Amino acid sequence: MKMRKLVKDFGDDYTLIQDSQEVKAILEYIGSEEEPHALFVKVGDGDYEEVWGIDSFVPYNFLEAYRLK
């Protein structure tokens, strides 16, 4: 499983989440103690198939995202 991925490599099958409150909700949902400021999520079959975070609120293609789910 690839545990790290460059933002620039997140295609259209992913969605960016920046809303502070939604990030918090998601993190609790998946049970993560990590504190990213933005998420890249892949939604699948009515659930979150993947959840990745970046420590920056603004997404830069060069940032490295880390998989949380």
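Start at 1 with the first residue shown and count on from there.
47 to 55 and 15 to 23 differ in mean CA B-factor, and the higher of the two is recorded for 15 to 23.
The entry lists a Cα temperature factor for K8 that places it in the highest third of the chain's modelled residues. Ranked against the other modelled residues of its chain, the C-alpha B-factor of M1 as given in the entry falls in the highest third. Ranked by Cα temperature factor within the chain, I30 sits in the middle third according to the deposited record.
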